[PDB]
Amino acid sequence: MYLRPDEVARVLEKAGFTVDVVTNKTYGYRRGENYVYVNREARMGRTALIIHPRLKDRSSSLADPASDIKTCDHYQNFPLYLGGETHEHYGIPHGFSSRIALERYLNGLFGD
């Protein structure tokens with residue numbers, strides 16, 4: 001099945017990451033200037049891996065998105081959507097169904 005938020009965070013730990021922001025809704029994760037957010041709301045591991053804007057087309061070339069943009073309450077990301085009544089941040093929902101693929105994903109997009 002798809003990788004649950006538990007598993008996503010676990011892989012990030014192994015990859016030499018650090019915690020950016022911890023909440024009951026998400027595990028904000030960072031390694032240097034690389035920021036991602038483990039969507040703990042992912043009852044289905046399809047929207048479990050939130051990364052960051054900028055990498056939208058690039059990231060999708062390594063792994064397809066589960067949506068497009070997810071309006072964040074906790075995950076700042078920076079680009080805080082001003083084009084609305086309520087200004088909520090937005091991250092890009094990704095997801096997998098192979099733990100090793102997430103490893104190779106971090107390998108590609110954030111590693112080599």
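Residues numbered from 1 in each chain as written, not as in the entry; some residues may be left out. Heavy atoms only, no water.

For this coordinate set, the PDB header names solution NMR as the determination method.

**Looking at the side chain of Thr26**
In plain terms, the rule: Helix numbers and strand numbers start at the N terminus; a helix is a DSSP run of H or I with at least 4 residues, a strand a run of E with at least 2. Any N or O atom pair separated by 3.5 Å or less is treated as a polar contact, with the protein-specific requirement of one donor-capable and one acceptor-capable atom, and with residues adjacent in sequence counted only for side-chain atom pairs. By definition in these notes, contact holds between two residues if any of their heavy atoms fall within 4.5 Å.
Tracing the backbone shows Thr26 in strand β2 (residues 26–31). Within the structure, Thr26 has its side chain in polar contact with the backbone oxygen of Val38 (distance 2.7 Å). Apart from residues no more than four positions distant in its own chain, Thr26 is found in contact with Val21, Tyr37, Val38, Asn39, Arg40, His74 and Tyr75.

**Digging into the packing of aromatic side chains**
What describes a pair of aromatic rings is the distance from one ring centre to the other and the angle between the planes of the rings. In plain terms, the rule: We call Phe, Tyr and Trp rings a pair once their centres come within 6.5 Å, taking the six-membered ring for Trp, and we label the pair stacked below 30 degrees between planes, edge-to-face above 60, and tilted otherwise. For every residue, the accessible area obtained with a 1.4 Å probe (protein chains only) is divided by the maximum for its type, and the residue is called buried under 20%, exposed over 50%, and partly exposed between those limits.
Scanning all chains against the criterion turns up three aromatic pairs. Considering the side-chain rings of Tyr81 and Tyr90, the 6.0 Å spacing of their centres and the 85° angle between planes classify their relative orientation as edge-to-face. According to the relative accessible area criterion, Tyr81 is partly exposed, its value standing at 41%. Taken together, a centroid distance of 5.0 Å and an interplanar angle of 65° make the contact between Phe96 and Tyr105 edge-to-face. Across the pair, exposure class does not vary: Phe96 and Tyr105 are buried alike.

**So, unusual backbone geometry**
In the Ramachandran plot, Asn77 falls in the positive-phi region, its phi being about 65° despite a non-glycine side chain. Topologically, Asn77 is positioned in the loop between β5 (70–72) and β6 (89–91). Here the phi dihedral of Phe78 falls at roughly 100°; this positive angle occurs in a residue that is not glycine. Its location among the elements puts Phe78 in the loop between β5 and β6. By relative accessible area, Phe78 is classed as exposed at 76%.

**A word on the sheet that holds strand β7 (residues 93–94)**
Heads up, the condition is: Strand pairing is assigned whenever DSSP identifies at least 2 bridges connecting the two strands. Here an axis means a line fitted to C-alpha atoms, over the contact stretch when the element is a helix, while the angle between two N-to-C directions is reported on a 0 to 180 degree scale.
If you walk across this open sheet you meet the five strands as β1-β2-β3-β4-β7, and the pairing is antiparallel. Of all the strands in the sheet, just β1 (18–23) and β7 have a single pairing partner and so form its edges. Pairing of strand β3 (residues 34–39) with strand β4 (residues 49–50) involves two bridges; the strand directions are antiparallel. Counterpart to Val38 in the pairing with β4 is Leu49. Docked against the sheet, helix α1 (residues 5–14) engages β2, β3 and β4, running at close to 155° with respect to β3.

**What to know about helix α3 (residues 99–110)**
The α-helix advances 3.6 residues per turn, and as a result positions three or four apart in sequence lie on the same side. Here is the rule we go by: Helices are assigned an expected span. That span is 1.5 Å times one less than the residue count. As used here, the arc is the angular range of directions from the helix axis to the C-beta atoms.
For α3, which comprises twelve residues, the first-to-last C-alpha distance of 16 Å matches the rise-based estimate of 16 Å (1.5 Å per residue) to within 8%. Here α3 has its buried residues at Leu102, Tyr105, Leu106, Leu109 and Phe110. All buried residues of α3 project into a common sector of 95° when viewed along the axis, lining one side. Where α3 is buried, its residues touch α1, β2, β3, β4, α2 (56–62) and β7.

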